[PDB]
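One structure below.
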Amino acid sequence: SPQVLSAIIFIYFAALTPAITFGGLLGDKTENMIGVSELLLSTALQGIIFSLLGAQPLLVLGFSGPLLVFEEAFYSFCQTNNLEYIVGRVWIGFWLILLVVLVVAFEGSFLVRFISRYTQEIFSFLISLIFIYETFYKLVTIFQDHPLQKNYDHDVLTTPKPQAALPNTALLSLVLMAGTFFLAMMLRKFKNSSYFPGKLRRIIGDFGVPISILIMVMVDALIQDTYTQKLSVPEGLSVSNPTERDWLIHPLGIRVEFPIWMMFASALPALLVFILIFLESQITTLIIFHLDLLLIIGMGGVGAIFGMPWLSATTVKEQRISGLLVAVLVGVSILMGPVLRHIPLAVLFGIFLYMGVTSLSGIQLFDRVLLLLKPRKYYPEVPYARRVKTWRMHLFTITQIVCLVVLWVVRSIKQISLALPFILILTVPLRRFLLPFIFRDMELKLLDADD
Amino acid sequence: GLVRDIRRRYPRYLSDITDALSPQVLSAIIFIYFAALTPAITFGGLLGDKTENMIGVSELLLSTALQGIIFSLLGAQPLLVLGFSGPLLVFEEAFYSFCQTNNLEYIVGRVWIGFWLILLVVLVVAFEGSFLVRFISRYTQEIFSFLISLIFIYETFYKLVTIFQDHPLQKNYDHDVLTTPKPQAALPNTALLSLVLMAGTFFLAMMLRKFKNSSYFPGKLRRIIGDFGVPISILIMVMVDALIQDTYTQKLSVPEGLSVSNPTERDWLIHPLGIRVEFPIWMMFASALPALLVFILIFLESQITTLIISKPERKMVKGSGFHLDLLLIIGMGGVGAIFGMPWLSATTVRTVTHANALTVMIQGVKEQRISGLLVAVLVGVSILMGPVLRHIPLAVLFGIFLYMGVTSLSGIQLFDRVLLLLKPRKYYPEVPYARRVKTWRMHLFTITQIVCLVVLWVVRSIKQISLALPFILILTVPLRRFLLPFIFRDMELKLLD
């Protein structure tokens, strides 16, 4: 039916873009062991298995930025001491498996009733903050990679990697930073701005991100006489750097034997993986049980058998086939490697920055953050601050920003890391106990009263 | 009938001095100075190239400084700013080409043209020069304003094309080029930094414009930040290229000549009968025709410029005169031509934005005489700021060029009507009668505007002398205004202007 045909391409584009940009980040955060092809492969098998067995097959199991934070944090930690990044994460998946059985006998969803607006918005806010900083962190590296000078080198070989600083890349990327980004919100504004006959506007407005990936690549295609850092994608049914990773991975390691004391020391990073997906799992279910949640946990460790990163829940009879059609097209997407390798890495980051910006506008916590600099004579009439004195909201925001500041510090230090969720989960009792000690319940029922 | 303008503005002349004490006036000086100096630097260098240094940048600069100062004192509309324009260069290009072909001294023939211009303006002023000005309608003004804005943006954007062609991207080693005269060959890492510079200024200027219009930050200091926005945006990014010293970027250059640049060609006393050619008598009598063509260009541009500025939609209704300023632009222009300076005109880009500076949201607009005086004073002093100004790149002042075009575009009803063409029929203007009874005819009415623009879009891009466009403005729109009733009725037409 035409309704299905229009819908399937729409959702396929919705799942197509995040996988590409997420892998490029991992392709950069990891040396080359984790890239795009495997992630494009994982979501293909992920779609079919959840569609067959799932309480809500219309849901989508995508990837999340918060998930990506853990792997890079582990990757930095795995670089602090001599360890195998892929092999170590494989052992983590084994630990997750035994956690599933512990929840199989008795559910552990009691923490769902203990989630709060003060908790879920304070978590998403810093995620967007990490997104913009990482993009800004690259241009600093790019500047150091290609310091500005006068053409002085001749014919530097760059097929594996640019071996020397060369012109016309440090500032071409900067244009690629803005050109992709500047075209983004205007399409977003176009969708939110009268133009083409009603539906005639939103048809392309809903595909603004999918359509704003070709304009600069065509410009990139139009510019072949200048090098751009592009995707390092292997051929079909191949692992990026097969000399470094394979489809089958030996748990004791491929090149170096894994340390003996690390098989049973992987429990700690394993529970954190469960925590981060668990909190995100309920957010996507708020649009409207245990079996659906627990299955996601089990299939998460399934990927670690082949050394594969896990996925996460995302937004939204023929419900079964809807997940089937999207999954198979994702699998076929690996077959156009040569044509998708022409897209440079710079295009991804502008989109990646735009990802956090869109999520930033959807957070009500930021809405009162800007009110701090707003004078107290033009505040919007929202029925949560009209009955409360002005200085009270600012005190509450102070309690919020300090949580962001300490979270900012913990991730920044390379020595003490991988504890970011650990310091985050303990904020809930502070909301449950410390916050009522300072603010009235009637006052509290307007600040973090989630709908 | 000119005494009417004299009697009108003179009482407020002594009051406009007090009106210039606002900090906004100080900012407004900063805006226009660079906004008016840079085209002169651009045109003067190009004009000096065309004239083979018989009229250099300084001669334009001296004309810019002196004419602006005196007009700011005695002009009935001090908010007007006078300078050179692109269409004028078209006449300049043809004149020496014709003169050199006929072995005529370009400067001597230029002086005789100025003699005619002073004669012509005297006759026109006495016999009600502004009588035909009252027949100029909004249908005319919107066309003229829109096309210049489109041309200005295109010409500015054309400069972007030149930079890419001048410095094509490549992977070939390039050695030093000195650039003493100018960079003789392409160098890498230099074209795109102009783009981010011009865009960054544009991005900063528009957001602070919203910021000034937004409720962020309380009261007066917020207004001052919005008032001083572009120079703040300029200076912060003037700091940006100062920080990066690893790559050459194209910057403004100042003629070292302080007393007078290109003085060897200039005579201390120019002789109307000839200097080294013995100007023939049958050229000084035929020089009326090129002067007449010059008169049409300067007259039309100046009159509509004042009309657009003095339109009732703006609060600028008090202290306006058309006869008085008419002789000032032309008589002094004739004086400059006799005294070896190029005649100037009033470009809508600089004049409208000047008033835009002294505009408050919509609240009253500020009227000053010193602001126009000081900017012209600084034009002559620009030789002193040469060094400091040597750090100013073209890219930063290229970005604002877009900004003035967009801001000048906001007040155009035609552009608003042009916008309505893409806008759906669900959204209505403040005049529903125009839209309701002409749901389809608005598009047809705009097409008539578009057709005039398209025709005028071609005339100035022809392979030959394009100086017929001022006539084209007279040919189409006034004739259109009388042929318009053949299509629609009086109540139908009147509501659109």
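One line per chain: the protein sequences are A and B, in this order.
Note that the first sequence covers residues 420 to 707, 720 to 747, 775 to 909 in the authors' numbering.
Note that the second sequence covers residues 399 to 759, 771 to 906 in the authors' numbering.
Backbone N, C-alpha and C fix where the C-beta goes; we use that ideal spot for every residue, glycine too.
Within chain B, the residues that residue i reaches when beta carbons sit closer than 8 Å
| i | result |
| --- | --- |
| A/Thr645 | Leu567, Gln568 and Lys569 |
| A/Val594 | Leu590, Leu593 and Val594 |
| A/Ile642 | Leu567 |
| A/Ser613 | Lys832, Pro833, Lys835 and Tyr836 |
For residue j and residue i, the rounded distance between their alpha carbons
| i | j | result |
| --- | --- | --- |
| B/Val827 | B/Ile623 | 33 Å |
| B/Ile632 | B/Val506 | 42 Å |
| A/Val423 | A/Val790 | 19 Å |
| A/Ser817 | A/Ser547 | 7 Å |
| A/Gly814 | A/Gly820 | 10 Å |
| A/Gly512 | A/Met682 | 11 Å |
| B/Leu904 | B/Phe615 | 41 Å |
| A/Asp572 | A/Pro581 | 12 Å |
| A/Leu567 | A/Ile427 | 47 Å |
| A/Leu558 | A/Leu593 | 8 Å |
| A/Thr560 | B/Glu540 | 50 Å |
| B/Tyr646 | B/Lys569 | 18 Å |
| A/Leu641 | B/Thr855 | 37 Å |
| A/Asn500 | A/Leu862 | 28 Å |
| residue 910 of chain B | B/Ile801 | With chain B covering 399 to 906 only, the question about residue 910 of chain B has no answer from this structure. |
| A/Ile668 | A/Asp639 | 37 Å |
| A/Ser659 | A/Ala686 | 28 Å |
| B/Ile859 | B/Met851 | 12 Å |
| B/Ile694 | B/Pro688 | 10 Å |
| B/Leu705 | B/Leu793 | 36 Å |
| A/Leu829 | B/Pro740 | 55 Å |
| B/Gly443 | B/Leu585 | 23 Å |
Sub-8 Å separation of residue i and residue j beta-carbons
| i | j | result |
| --- | --- | --- |
| A/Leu823 | A/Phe544 | yes |
| B/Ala463 | B/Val788 | yes |
| B/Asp665 | B/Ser700 | no |
| B/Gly466 | B/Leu486 | no |
| B/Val805 | B/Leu515 | no |
| B/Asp414 | B/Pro476 | yes |
| B/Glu503 | B/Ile673 | yes |
| B/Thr599 | B/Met637 | no |
| A/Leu590 | B/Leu472 | no |
| B/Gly734 | B/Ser425 | no |
| A/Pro670 | A/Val519 | no |
| B/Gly773 | B/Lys713 | yes |
| A/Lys610 | A/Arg620 | yes |
| B/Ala474 | B/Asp574 | no |
| B/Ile707 | B/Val758 | no |
| A/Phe737 | A/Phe550 | no |
| A/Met596 | A/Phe807 | yes |
| B/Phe469 | B/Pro437 | no |
| B/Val531 | B/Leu400 | no |
| residue 765 of chain B | B/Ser718 | Missing here is residue 765 of chain B: after 759, the next number in chain B is 771. |
| B/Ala744 | B/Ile727 | yes |
| A/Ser613 | B/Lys835 | yes |
| B/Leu742 | B/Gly731 | yes |
Amino acids of chain A, ordered along the chain, whose beta-carbon sits closer than 8 Å to that of residue i
| i | result |
| --- | --- |
| residue 768 of chain B | For residue 768 of chain B, nothing is modelled; it lies in the interval where chain B passes from 759 to 771 with no residues in between. |
Residues that residue i contacts on chain A, provided the C-beta gap is smaller than 7 Å
| i | result |
| --- | --- |
| B/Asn587 | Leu567, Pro586, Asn587 and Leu590 |
| B/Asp572 | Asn570 |
Below 8 Å, can you find three or more Cβ-Cβ pairs linking the region 524-539 of chain A to the region 884-901 of chain A? yes
At 3 residues or longer, what runs of the beta strand (DSSP E) sit wholly inside the region 696-734 of chain B? none
What runs of the alpha helix (DSSP H), each 4 residues or longer, lie entirely inside the region 573-648 of chain A? 591-610, 618-624, 627-630 and 634-641
Indicate whether the contact test is met: 3 or more Cβ pairs, each with one atom in the region 864-878 of chain B and one in the region 777-794 of chain B, closer than 8 Å. no
Which full runs of the alpha helix (DSSP H) of 4+ residues lie inside the region 505-576 of chain A, going along the chain? 536-564
Check whether the region 437-455 of chain A and the region 640-655 of chain A are in contact - that is, three or more C-beta pairs closer than 8 Å. yes
Could you check whether the region 694-708 of chain B touches the region 869-880 of chain B, counting it as contact only if at least three pairs of C-beta atoms, one from each stretch, sit closer than 8 Å? yes
Segment contact, 8 Å Cβ cut-off, at least three pairs: the region 490-498 of chain B with the region 439-453 of chain B: yes
Mind pulling the alpha helix (DSSP H) runs of 4 or more residues that sit fully within the region 835-905 of chain B? 841-845, 850-868, 878-892 and 899-903
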